[PDB]
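The chain below stands alone and is given in structure tokens; this is the form deposited without Brassinolide.
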């Protein structure tokens, strides 16, 4: 027939408009479309097309003209296909039921989608993750009353009462309405939508009424999270007898936990709200069905009540960031057969760990008891049971004493071990080398003595080793060369010795290296320049010597460094007041630790308290090009000259080379450091003129050139007049404002 002849010519005309011909190489003319990649056929007729995740780079007009008009096309999946432009009127086939145009660059007002009404059989529509918007006053309607599923999420839709617009010409067929990640406000009325099962209006701008649900006859999923909502949500959902998931998290709800529909409830989040009081006993009605609970980030208190024993289907229990107290309720927890994640972090649970915690090692994937007032030892009998399924053990920021148990090596599935901010003595057990799946070993601010275990070489998966603020001794073990995936090594404030080993260059994923306040010696290895991800090098307060090698900056302009983002951190900035406090600032790991317990550092660290504290979840700025961001090598015995390659790092914020024996002049290339905020070159033997090229630097917030033998006039252009005299003092030959006038 003509429809076969039409089908092949339409498909091939689509191929021909594509900028890249190679995307559909098997598509060709005079060949059966049912043999093509992307095509589904039933009885030798095209029924579905799937060109998802292929960079087609074509407008919607090409899709509508060629593909959506094909006779008998039932579904068209073009998610992440690099389609742009706008929807408008076209001839749509009557058989088309599903259309996925998610994750594209579609633009224009959201009223453009009304022209999809041509598709008389359209039931499923996904235009999420596009750039659609709603300019001005909201009037008319979407007029796609035949849809069972509509996903308009993660657009640029900004407006009041956009939900009434979607639902204006009826919603009797609508089963799933998702419109999250927009800036929608106003009223949400879904009372006429009597078959609605799924409602997601989350991450929006609703600060008014709770959505009115009517009889709520079919509603199983209700997500109103990430808004500014308050008021009587209890009354609004009380008729919702079928409700399985209720996520009201990240809102302004207050008071105690009110009555809920419990009989079918599986997931409940009241997290990040302003809720108060104790967990009421009426939540026992959820225990036949409750799979997940989240009461994190509220002002709850008391104990976990004993009804949770009956909640035997409960997989995750998150009671984080509240004021829960008492001993660890093991009689309740051991009865929860289903429990896989236990998150009791940022509370005031107290006493020693009960012996019966050993039993939950074989069932839990995650145990988080961080930031609590737990005392006594870590249980040596943990992971005594065979088949220990435990992946994450977070015990940081407690009052734990004694040794790190070697028997922790029996948790063979363990990916993260965080035992920081405790009072732990003894050695880091050699048996932790056995943890063959371990990525994160964080033991900082304890009293750990001994050497760093050579046997850590057997941990092939090790990504972070955070051992700051301990009483550690010996050299860096050569075994750490074997751990090739290391991206964050931090051994500061110990009594470690030896050289930075030359094999450090073999660590290709290494981003952050912090070795400050130790007795490390010898030359700075040129092999640090072989590290193709290194953005943060802090070596301050050590006994390093020799010349700064030119070769360490060879990666400048070549670094791609976007593996380390997602990890929480803290940057405690130094202020130039205390002579005992050294360095620009301590970048430190900070997952699951309260900033209020940073006062614990005071007895180990001379640097003030938290003069400038930044807690901001990591995350490097650049993409394709890249360079080192932070370079502190202060308070060592470094000699020779600063090489001219020091100015080859455009992303360098901080450069502290202070308190060394560095001679020659300040290279002119320093003016190329366009991203530089801080430049400490003080207490060296630098001589000659401050180069005029440094006047091009526009972003210096701090500078220090004092205690050198610099001469001539201070540059009058740029930022030098901003800085006080003290930053240029003890430079006998140096003159010009802020210092006195240069007289010949």
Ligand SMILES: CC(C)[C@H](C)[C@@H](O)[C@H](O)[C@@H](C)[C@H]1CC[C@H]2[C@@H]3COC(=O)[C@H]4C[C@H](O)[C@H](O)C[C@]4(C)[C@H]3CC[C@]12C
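Numbering follows the first chain given and starts at 1.
Undergrad: For the higher mean C-alpha B factor in the entry, choose 124-132 or 596-604.
TA: The entry gives the higher C-alpha B-factor average to 596-604.
Undergrad: Comparing 246-254 with 468-476, which has the greater mean CA B-factor as deposited?
TA: It is 468-476 that shows the higher mean C-alpha B-factor.
Undergrad: If you check the C-alpha B-factor for each of 505, 181, 186, 108 in the entry, which is highest?
TA: Out of 505, 181, 186, 108, the record gives the largest C-alpha B-factor to 505.
Undergrad: Given 79, 203, 156, 619, identify the residue with the highest C-alpha B factor in the PDB entry.
TA: Highest C-alpha B-factor among the listed residues goes to 619.
Undergrad: Going by the CA temperature factor in the PDB record, which third of the chain does residue 302 belong to: lowest, middle or highest?
TA: It belongs to the highest third of the chain when residues are ordered by C-alpha B-factor.
Undergrad: Using the B-factor values recorded in the entry, state whether the Cα atom of residue 740 falls in the lowest, middle or highest third among the modelled residues of its chain.
TA: Its C-alpha B-factor, which the entry lists for residue 740, ranks in the middle third among residues of this chain.
Undergrad: Could you tell me which third, lowest, middle or highest, the C-alpha B-factor of residue 209 occupies within its chain?
TA: It falls in the middle third of the chain.
Undergrad: Where does the C-alpha B-factor of residue 339 rank in its chain, lowest, middle or highest third?
TA: For residue 339, whose C-alpha B-factor we compare with every modelled residue in the chain, the answer is the middle third.
Undergrad: Lowest, middle or highest third: which one holds residue 460 when the chain's residues are ordered by CA B-factor from the entry?
TA: Its C-alpha B-factor, which the entry lists for residue 460, ranks in the highest third among residues of this chain.
Keep in mind the form deposited with Brassinolide bound is missing from the figure; the text below concerns it.
Undergrad: Pick from 91, 337, 137, 617: which has a non-hydrogen atom within 4.5 Å of Brassinolide in the deposited complex?
TA: Of 91, 337, 137, 617, the residue with a heavy atom within 4.5 Å of Brassinolide in the deposited complex is 617.
Undergrad: Answer with one of 491, 243, 587, 559: the residue that has a non-hydrogen atom within 4.5 Å of Brassinolide in the deposited complex.
TA: Answer to the contact question: 587.
Undergrad: Just one of 115-123, 231-239, 355-363, 649-657 has residues with a heavy atom within 4.5 Å of Brassinolide in the deposited complex, so point it out.
TA: In short, 649-657.
Undergrad: In the deposited complex, does residue 535 come within 4.5 Å of Brassinolide, counting heavy atoms only?
TA: The answer is yes: residue 535 has a heavy atom within 4.5 Å of Brassinolide.
Undergrad: Check whether residue 571 has any heavy atom within 4.5 Å of a heavy atom of Brassinolide in the deposited complex, and answer yes or no.
TA: Residue 571: contacts Brassinolide in the deposited complex.
Undergrad: Please tell me whether any heavy atom belonging to residue 629 falls inside 4.5 Å of a heavy atom of Brassinolide, as the geometry stands in the deposited complex.
TA: Within the cut-off, so yes.
Undergrad: Given that Brassinolide is not shown alongside this chain, does residue 692 nevertheless sit within 4.5 Å of it in the deposited complex, heavy atom to heavy atom?
TA: No, residue 692 is distant from the partner.
Undergrad: Output the sequence-ordered list of residues from 654-684 with at least one heavy atom within 4.5 Å of Brassinolide in the deposited complex.
TA: Result: 654, 677, 678.
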